[PDB]
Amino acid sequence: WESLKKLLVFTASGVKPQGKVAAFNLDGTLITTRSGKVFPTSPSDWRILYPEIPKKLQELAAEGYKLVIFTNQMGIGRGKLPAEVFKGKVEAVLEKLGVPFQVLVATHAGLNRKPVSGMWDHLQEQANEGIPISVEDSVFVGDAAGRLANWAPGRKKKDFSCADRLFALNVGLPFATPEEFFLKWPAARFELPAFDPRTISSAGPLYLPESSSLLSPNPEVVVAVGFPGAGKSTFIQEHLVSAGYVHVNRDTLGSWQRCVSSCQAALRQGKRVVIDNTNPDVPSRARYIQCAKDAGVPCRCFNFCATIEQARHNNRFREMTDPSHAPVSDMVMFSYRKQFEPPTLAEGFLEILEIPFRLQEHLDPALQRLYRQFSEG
C-alpha cells in the first residue's frame, strides 16, 4: 500500500511491469454483496461475482497481461468509509482471487475519479517500471456501462452509472461488461450521456447577430445572463474588461446592492460597465436596466447560451484546473434553471446579443485533452 495525492495504491507481490493490461472495476465486476444490497452491510458482505472469474484472471495473467483494478471510492474521502476498513477488503478479495493484482483507488473527486482518466495516467507514468502500455492491446471491464433497463432476460434494473464505459472511451481502451467478458454474453444495449464533450468546437460566430458589435465606445451597461459555468467571466475578461469595461461582479462585491452602487458610480465616471452575474430573471436584470435609464445610457444584454450540461461540464473542469475557486453545486444549477426567464427587449434592453458557447481556440494541449474527457458517469 501507499497513500498518494488524492489516490490510494496497493501493489501486490508478484505484480510485474507489462505492455498490455487487463483492468477491471471492483464493486459489481469482480465482487458483489451477499446481501443483494448496493453497499456492504458487514465488511464480510462480499463474494466473487462469478465463479468463472478466477479462472479467466489466471489465463490473462499467464497470457502476459498486467492485472489492475480501477475503483472509485469517494465515500472514503468523504468520511463515510474508513480507509483501513476498505484497505483490507480488497486484500481479502485478492486472496480469494489468487492472482497478483495492482489496485488504484480514487478517494476523491477530480482527475482520478472515473470516468476522468487520472488513475490510468498515473499507471503508465508512475506505476509501471517505465514500460509503455499499449492501449489497444489492453482492455477495461466494468459494470457501470450505461445499460438500459431490462438489458437481459434476467436483469431488470438499469445501470446506476456509465462511468466505467466512459473511462474506457476517454482512454481509448477496448471495453466490455463483466458478463460480456466473463460469461461470453452478447453486447448489451446502452446509452451514453446526452452531452458529449468530444464534439464541442470553435466553429461559428462569436455572437449573434453578427451585424452588431461586441463593444461600444460610449457609456453603457452590459448585463450578462447565464448559468454558472457558461463561461461568462472568461468571455467578459477577454473581450470587455481588457478593452476598458468596468467589471461589476456579485461574487467579488458581495451583494446585488453593491453591484448597483458600483454600476452607478462607474456610469458617473462616464465609463462602460458590465454586470457579470447570473442575472437569471426579469427582476434581477431590472436592477441594472434602471441604472442605465437613470444615467441616460443604453443597456445591452449578453445572453450566454451554454446549456445546463455544457455548464456543468465546465464546472467540473474548473474543479480540476482551478482549486482555489469554490465548486458550484448542482443545486445552484437546478435553482438557476427554475428561476430562469428569457431576456427580452420589453425589459428595456437596446439589444440582446446571444453568445453561443465556442471551445477556446488556442487552448493549451494538455488541458484540451482533459477538457475533452467525459467527466461524469
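Don't overthink the numbering: it's just position in the shown sequence, from 1.
Participant: Taking the recorded C-alpha temperature factors, which stretch has the higher mean, 122-130 or 146-154?
Facilitator: Higher mean C-alpha B-factor: 122-130.
Participant: Mean CA temperature factor from the deposited coordinates, higher in 134-142 or in 234-242?
Facilitator: Result: 134-142.
Participant: Could you check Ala92, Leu208, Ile275, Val171 and tell me which one carries the biggest Cα B-factor in the deposited entry?
Facilitator: Max CA B-factor in the entry, restricted to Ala92, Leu208, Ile275, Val171: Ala92.
Participant: Looking at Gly75, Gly254, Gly270, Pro217, which has the biggest Cα B factor in the entry?
Facilitator: Each of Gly75, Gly254, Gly270, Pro217 was compared by C-alpha B-factor; the highest is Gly75.
Participant: State the tercile, meaning the lowest, middle or highest third, of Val332 with respect to the CA B-factors recorded for its chain.
Facilitator: Lowest third.
Participant: Pull the Cα B-factor of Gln102 out of the PDB entry and bin it into the chain's lowest, middle or highest third.
Facilitator: CA B-factor rank for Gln102: highest third.
Participant: Report the third (lowest, middle or highest) to which the CA temperature factor of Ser42 belongs, ranking only the modelled residues of the same chain.
Facilitator: Its C-alpha B-factor, which the entry lists for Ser42, ranks in the highest third among residues of this chain.
Participant: Against its chain's modelled residues, does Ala326's Cα B factor rank lowest, middle or highest third?
Facilitator: According to the entry, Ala326 has a C-alpha B-factor in the chain's highest third.
Participant: Among the modelled residues of this chain, does the Cα B factor of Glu84 put it in the lowest, middle or highest third?
Facilitator: Within its chain, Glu84 is a highest-third residue by C-alpha B-factor, going by the deposited values.
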